[PDB]
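See below for the structure under consideration.
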Amino acid sequence: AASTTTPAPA
Amino acid sequence: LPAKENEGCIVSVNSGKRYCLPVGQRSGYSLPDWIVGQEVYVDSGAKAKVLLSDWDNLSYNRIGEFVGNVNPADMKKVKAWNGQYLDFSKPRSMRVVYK
Ligand SMILES: *[C@H]1O[C@H](CO)[C@H](O)[C@H](O[C@@H]2O[C@H](CO)[C@H](O)[C@H](O)[C@H]2O)[C@H]1NC(C)=O
Ligand SMILES: *[C@H]1O[C@H](CO)[C@H](O)[C@H](O[C@@H]2O[C@H](CO)[C@H](O)[C@H](O)[C@H]2O)[C@H]1NC(C)=O
Ligand SMILES: *[C@H]1O[C@H](CO)[C@H](O)[C@H](O[C@@H]2O[C@H](CO)[C@H](O)[C@H](O)[C@H]2O)[C@H]1NC(C)=O
Ligand SMILES: *[C@H]1O[C@H](CO)[C@H](O)[C@H](O[C@@H]2O[C@H](CO)[C@H](O)[C@H](O)[C@H]2O)[C@H]1NC(C)=O
Numbered sequence: 001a002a003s004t005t006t007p008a009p010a
Numbered sequence: 800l801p802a803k804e805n806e807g808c809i810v811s812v813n814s815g816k817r818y819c820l821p822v823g824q825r826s827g828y829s830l831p832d833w834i835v836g837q838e839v840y841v842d843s844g845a846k847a848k849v850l851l852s853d854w855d856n857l858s859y860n861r862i863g864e865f866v867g868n869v870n871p872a873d874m875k876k877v878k879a880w881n882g883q884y885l886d887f888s889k890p891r892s893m894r895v896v897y898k
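Protein chains in written order, with the entry's author numbering: chain M, 1 to 10; chain A, 800 to 898.
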């Protein structure tokens, strides 16, 4: 599928 | 300095600073700090095609395709892989493929 992103960690 | 046959480049409009990739390579999760989010033009070599995203990691098919020399005016409203008309003039990720 399409590449995804994730939220930056603290 | 112009892109080689098998290389694609983005070039900062403001500074002339270049970011280039050979055919077969992509960027990190984001472009480096020294170019990310600067307005660019594309200089793609004769056998190369530059894939940009306005987001990190070439993600969600937010992808536009550029060949040859493209000015930022012509990257503001480009049909993406996902069928949206996006602005790729200030890219966050990149891949270079064969044209
Ligand atoms: C989106 O990012 C992904 C990494 O999180 C990955 O690099 C992906 O590119 C695809 O990766 C596949 C291997 O996972 C195949 O190699 C495929 O050919 C390749 O497109 C990134 N998408 C894009 C379009 O580069
Ligand atoms: C974004 O979410 C995806 C799941 O919906 C996935 O976890 C993706 O992580 C990547 O998945 C790739 C498979 O297409 C490879 O396995 C890659 O190693 C992995 O990072 C998420 N992307 C990121 C960059 O974390
Ligand atoms: C990962 O970072 C992206 C920008 O680099 C973007 O914020 C993305 O947000 C996700 O975008 C998807 C687009 O279809 C969905 O709208 C999803 O809901 C949304 O979170 C980031 N992904 C995540 C999982 O945080
Ligand atoms: C979102 O979480 C991801 C793990 O689920 C991952 O840590 C990702 O961080 C990015 O990961 C990339 C490789 O998948 C690169 O290493 C990149 O440097 C790194 O930022 C998380 N997103 C963010 C924005 O950090």
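Where is the CB? At the ideal position from N, CA and C, for every residue including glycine.
In DSSP terms, what A:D842 is bridged to: Residue pairing by DSSP puts A:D842 in a beta bridge opposite A:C808, A:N868.
CA-to-CA distance, A:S852 to A:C819, given in whole angstroms: Taking C-alpha positions only, A:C819 is separated from A:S852 by approximately 15 Å.
A:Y884 at chain M interface by Cβ criterion, 9 Å: Not an interface residue.
Residues that M:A2 contacts on chain A, provided the C-beta gap is smaller than 7 Å: Those are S858, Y859, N860, listed as they occur along chain A.
Alpha-carbon spacing of residue 899 of chain A relative to A:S826, whole angstroms: One cannot answer for residue 899 of chain A here, as it falls past the ends of chain A, which runs 800 to 898.
CA-to-CA distance, A:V866 to A:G823, given in whole angstroms: Taking the straight line joining both Cα atoms gives about 15 Å.
Inter-residue spacing [alpha-carbon to alpha-carbon] between A:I809 and A:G863: Straight through space, the alpha carbons of A:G863 and A:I809 are spaced by roughly 13 Å.
Distance, A:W880 Cα to A:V839 Cα: Computed Cα separation, rounded: 20 Å.
Cα-Cα separation between A:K848 and A:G807, rounded to whole angstroms: Rounded to whole angstroms, A:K848 to A:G807 spans 7 Å at the Cα level.
Contact test: A:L885 Cβ vs ligand 1 heavy atom, cutoff 8 Å: Answer for A:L885: no, Cβ out of range of ligand 1.
A:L820 - DSSP class collapsed to helix/strand/coil: Here A:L820 sits in strand by DSSP.
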